[PDB]
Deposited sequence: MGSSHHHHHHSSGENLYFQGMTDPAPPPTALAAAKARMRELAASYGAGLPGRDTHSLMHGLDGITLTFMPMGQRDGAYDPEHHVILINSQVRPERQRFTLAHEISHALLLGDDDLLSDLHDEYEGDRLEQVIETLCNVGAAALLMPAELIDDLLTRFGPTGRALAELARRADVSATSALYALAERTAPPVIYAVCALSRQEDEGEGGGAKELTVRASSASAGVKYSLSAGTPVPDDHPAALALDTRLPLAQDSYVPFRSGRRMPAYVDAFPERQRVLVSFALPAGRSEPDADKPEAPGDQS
């Protein structure tokens, strides 16, 4: 495939080895894989974290929320993994340079973080037990301790059937707003952020009543187009996680 795709595959492999060598993907456990590399939590203003290879240390901004710290850490770990791999690093140079190379490496580090926080096996186990549903999305976010959007993209990327995933919050039976969305492999239909969700829609229903719903419904495209699909909404603390199964 493309150079950026081969690099991603490789990054997913690096992250999987390091990950598979741990006792789970909890924070403290990710730290422990650090084979003689210092790790420090300290205030760093607006910067989230940094990796200093010469000093063999990873720095995490102690001022940000724990969710982003866990992420920033998976990210710097990826960064170290990438910089430790000479075949990968060289092929990148063969294809990029200057700021274009920095941005690509930043992108790979994000792909690596994800693979590390959300292993292919944990996602598949959830797809099996819960199906491609709001319920699964909700499980993955909690068990993985990552944001809804991280889970949204992880989940959709390993989904076989055509499905739309959405995270909704109160725009405030009250009307929601799509915050983030994502489609599986072959769906081209996208549900954009900003998209209002009607009160009568199962997603609004589930939230305002804190009751997992599931039933035949429609994708509420902001165009007015009402595409039928099976909907599974899993309501929680102020968000609702939804899947739209397209025939």
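Missing from the model, by position in the deposited sequence, are residues 1 to 27, 200 to 208, 284 to 301.
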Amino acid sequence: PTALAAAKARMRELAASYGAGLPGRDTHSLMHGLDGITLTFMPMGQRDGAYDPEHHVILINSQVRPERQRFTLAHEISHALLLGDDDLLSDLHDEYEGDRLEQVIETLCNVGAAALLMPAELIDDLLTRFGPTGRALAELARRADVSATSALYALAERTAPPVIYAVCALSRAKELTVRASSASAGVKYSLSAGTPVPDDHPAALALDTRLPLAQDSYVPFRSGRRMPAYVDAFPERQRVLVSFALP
From here on, numbers count along this sequence of modelled residues.
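Higher mean CA temperature factor, per the PDB entry, when comparing 90 to 98 with 146 to 154: 90 to 98. Just going by the entry, 64 to 72 versus 43 to 51 on mean CA temperature factor gives the higher value to 43 to 51. By the numbers in the PDB entry, the CA B factor is greatest at 37 among 178, 59, 183, 37. The entry lists a Cα temperature factor for residue 167 that places it in the lowest third of the chain's modelled residues.
Annotation for residue 189: C-alpha temperature factor in the highest third relative to the rest of the modelled chain, per the entry. In the deposited entry, the Cα temperature factor of residue 173 places it in the highest third of its chain's modelled residues. Remark: residue 195 belongs to the lowest third of its chain, ranked by C-alpha B-factor as recorded. The PDB entry assigns residue 242 a C-alpha temperature factor belonging to the lowest third of its chain's modelled residues.
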